[PDB]
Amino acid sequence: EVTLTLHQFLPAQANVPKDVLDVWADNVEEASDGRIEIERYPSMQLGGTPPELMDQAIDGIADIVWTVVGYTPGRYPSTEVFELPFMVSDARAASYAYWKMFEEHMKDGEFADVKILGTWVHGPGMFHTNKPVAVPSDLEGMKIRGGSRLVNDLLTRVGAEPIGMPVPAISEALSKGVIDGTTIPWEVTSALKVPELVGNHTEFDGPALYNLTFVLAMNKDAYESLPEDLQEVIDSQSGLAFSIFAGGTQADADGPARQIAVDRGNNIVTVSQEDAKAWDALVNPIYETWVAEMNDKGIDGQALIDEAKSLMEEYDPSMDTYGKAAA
């Protein structure tokens, strides 16, 4: 008889909570034959700010959290291989690569203090602004919200003034004119009333401008102290197939979100793969600086980039098998 608490930073009817986390939690409960119940607390209901979620899991405030890796910068630098500009073409492929590389490089190193249940990226990160944006110079003198240190670097290099804040604060920040626009993928715009608060959006054909890494993470003591058969339940509903499903589900939610912006008459600029080269010219120096920072810490940054590309190429849609579990 086991009760676990799950804490996260978006509303219960948001896309990841409802179609990813509730499916995972329901899977663990069904698979445990009712021996595990998971209480789900949305919108930081148990207190704190979203950046604090990783430490809430480590300190046992919550048993399980979904959080943005980038909200605790300087801690988990290996994840940042997926946050390099124009790196990712397919969120399922990247989430597959992210799980393999997590297990190879990160599990017993930068993530040793926590049990990692899932690793994924969102759909293409893109702009949502009070004024139309077609080329990098349009961002000059705009305050743009970012959620990671690599996204703040990207924003600086295209001539934006980056404002770092957790994603739920965007709505108030836009409404009060603290920011002129934000980075996010499409899927989460709906829950944040972004199409209501701004009339312009800039998306990119081909590779994503950026995407942020997430984890689903669990207090080590809470996991280790389960009986071994209940440990095997958590593991059976977690890891590689789960990670591909989390990234795929979240990426797929871009579509219905974009359609809301279209149907209201918001302006959407679609940057062609040709016109993206002007953007790439300003942001691709991050590859060289990031590799140098990793090399300074004795990490082969370029080998991490090469292995990410190789794993994303090796992903095949037949690996996307995650669904509702047997008991």
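The first residue of the shown sequence is 1; numbering continues from there.
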{"query": "Higher-B stretch (mean Cα B-factor, as the entry records it), 64-72 or 33-41", "finding": "33-41"}
{"query": "Stretch with the greater mean C-alpha B-factor as recorded in the entry, comparing 168-176 against 118-126", "finding": "168-176"}
{"query": "Per the PDB entry, maximal CA B factor within 83, 138, 103, 228", "finding": "228"}
{"query": "Top residue by Cα temperature factor, when 107, 145, 92, 157 are compared in the entry", "finding": "107"}
{"query": "Ranked C-alpha temperature factor of residue 224 among modelled chain residues, by third", "finding": "highest"}
{"query": "Relative C-alpha B-factor of residue 16, binned into the chain's lowest, middle or highest third", "finding": "lowest"}
{"query": "Third assignment of residue 321 from its chain's C-alpha B-factors", "finding": "highest"}
{"query": "Residue 28, C-alpha B-factor rank within chain (lowest, middle or highest third)", "finding": "highest"}
{"query": "Chain-relative CA temperature factor third for residue 254", "finding": "lowest"}
